[PDB]
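For reference, the chains in residue letters:
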Amino acid sequence: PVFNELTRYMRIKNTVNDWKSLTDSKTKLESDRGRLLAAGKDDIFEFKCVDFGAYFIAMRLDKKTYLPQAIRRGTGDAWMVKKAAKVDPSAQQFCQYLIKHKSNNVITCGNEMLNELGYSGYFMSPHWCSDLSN
Amino acid sequence: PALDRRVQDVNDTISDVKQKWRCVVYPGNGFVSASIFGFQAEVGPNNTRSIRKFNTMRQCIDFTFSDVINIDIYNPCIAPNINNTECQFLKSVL
């Protein structure tokens, strides 16, 4: 007989619940910060190519949740256009191309990213959601 | 970090920034896509290569970043018809 099967399974299911509650509370905090940040800015809800140093991301704020969302690459995470130098006009233009042609596939930091990919992007530097919350 | 590799991205593998294609104004004659290999070209009379000129920046980007490997290339620096001005324009824009 294995000694704490039930009490460990319950701590694990409660662990998963606590992961999801931490994710949701972080989502809520970031959403409210989004509302306070967005105030007085145009094209905050429009995709823009943002330089994260080693790559570009096409991103914006959601109009509803107010969370950061980016153009998604296939079935994975946000499309990160890799740069090969501090100045990479080609990567920047490709990111503009993504905006004009691939913007129907989008991924949002927080709960949605947890559902779609199994992680929230939050509290996991250098992920782009963490860099935004920093 | 989840990466859907089914979707192709040239930027994944190109370490040399000058190997990347980028759209630049060709003063007088519109826009062109350029890299160290030269300019993207169209088959100009005599089945030769002439620099592909675009009316707008967006047509250039769309053409450059579309799907195919963009095989037709005109290089003015090493062609037997070297164009030293069009070659200097090339290396100035890179």
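Residues numbered from 1 in each chain as written, not as in the entry; some residues may be left out. Chains lettered and ligands numbered in written order. Heavy atoms only, no water.

The record names X-ray crystallography as the way this model was obtained, at a resolution of 2.51 Å.

A. Here's a closer look at helix α1 (residues 5-38) of chain A. All names here are of chain A. Helix length check: α1, at 34 residues, gives a terminal C-alpha distance of 48 Å against a target of 50 Å (1.5 Å per residue), a fit within 8%. Here α1 has its buried residues at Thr23, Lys26, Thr27, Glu30, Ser31, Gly34 and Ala38. Close packing links the buried residues of α1 with β2 (55-61) and α3 (111-117). (Helix = DSSP H or I, 4+ residues; strand = E, 2+ residues; numbered from the N terminus. Expected span 1.5 Å × (residues − 1). Buried < 20%, exposed > 50% of the residue type's maximum accessible area, 1.4 Å probe, protein only. Contact = heavy atoms within 4.5 Å.)

B. Geometry of the nonpolar core. By size, the foremost hydrophobic cluster in this structure holds 18 residues, and its most contacted members are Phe56(A), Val81(A), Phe94(A), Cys95(A), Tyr97(A) and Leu98(A). Those elements giving two or more residues to this core turn out to be β2 and α2 (89-101) of chain A together with α1 (57-64) of chain B. If you tally residues by element for this core, the top one is α2(A), at 5 residues. Not counting chain neighbours up to four residues away, the residues in contact with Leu98(A) comprise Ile71(A), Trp79(A), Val81(A) and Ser103(A). Membership of the second largest hydrophobic core comes to 14 residues, among which are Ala78(A), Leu117(A), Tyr122(A) and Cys129(A). (Core = buried A, V, L, I, M, F, W, Y, C linked by side-chain atoms within 4.5 Å.)

C. Main features of the environment of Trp21(B). Along the chain, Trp21(B) falls in the segment before β1 (22-26). In this structure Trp21(B) comes out as buried when scored by relative accessible area, which is 19%. Put simply, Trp21(B) and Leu3(B) are 18 residues apart on the chain and 23 Å apart in space, counted from C-alpha to C-alpha. When residues no more than four places from it in sequence are discounted, the contact partners of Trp21(B) are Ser90(A), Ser33(B), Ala34(B), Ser35(B), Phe37(B), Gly38(B), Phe39(B), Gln40(B), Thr64(B), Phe65(B) and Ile73(B).

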